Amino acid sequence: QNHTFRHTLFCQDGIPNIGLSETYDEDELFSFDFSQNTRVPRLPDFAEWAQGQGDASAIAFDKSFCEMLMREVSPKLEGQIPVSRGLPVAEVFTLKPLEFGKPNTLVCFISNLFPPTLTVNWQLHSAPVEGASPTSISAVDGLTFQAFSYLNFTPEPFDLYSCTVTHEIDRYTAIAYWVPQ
């Protein structure tokens, strides 16, 4: 039946001061690297298509118009009207159902993310840990965002993983805990 392809470009001040997110039925196809000036597949399956398209001339214009509003409009009303803030929500769960001793992957799902500026840190009984994948923010219907952070791990009975989201640098944190079932 119907399917929705979304090409959201946004700009703000902070963390990623500019981004592009192209989805299809809410799942992200590929984002866009403004440095190397190229699209980045969310999955290798995609690659080939993020390669072509050459719609660069639009992105260029969109980008400019965006940055432009940030430049002029913002300062004008900074402190004049209220900032749409969205208190982020974090949830944690496993990719596959729980099987002790057998390899798995924890997922930290962030929702109601606004603005798209954050930092995710994983711990295990407060003991910080790395090996986590980059947190990917993606645009979502309704002018909002969501982000995911994955961490492979081998589940054990006395585990206690926590996913810490730190919104807007230092204003408002969110901590989601996960224990064995």
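Throughout, we count residues from 1 along the sequence that is shown.
**Student:** Comparing average C-alpha B factors as deposited, tell me which of 79 to 87 and 99 to 107 sits higher.
**Tutor:** Comparing 79 to 87 with 99 to 107, the higher mean C-alpha B-factor belongs to 79 to 87.
**Student:** Per the record, averaged over C-alpha atoms, which has the higher B-factor: 149 to 157 or 112 to 120?
**Tutor:** It is 149 to 157 that shows the higher mean C-alpha B-factor.
**Student:** Within this chain, which third does the Cα B-factor at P134 fall in: lowest, middle or highest?
**Tutor:** Middle third of the chain for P134's C-alpha B-factor.
**Student:** Among all modelled residues of this chain, ranked by Cα B factor, put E48 in the bottom, middle or top third, i.e. lowest, middle or highest.
**Tutor:** It falls in the top third of the chain.
**Student:** Select lowest, middle or highest to describe the third in which the CA B-factor of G142 falls within its chain in this entry.
**Tutor:** For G142, whose C-alpha B-factor we compare with every modelled residue in the chain, the answer is the lowest third.
**Student:** Lowest, middle or highest third: which one holds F10 when the chain's residues are ordered by CA B-factor from the entry?
**Tutor:** Tercile = lowest for this residue's CA B-factor.
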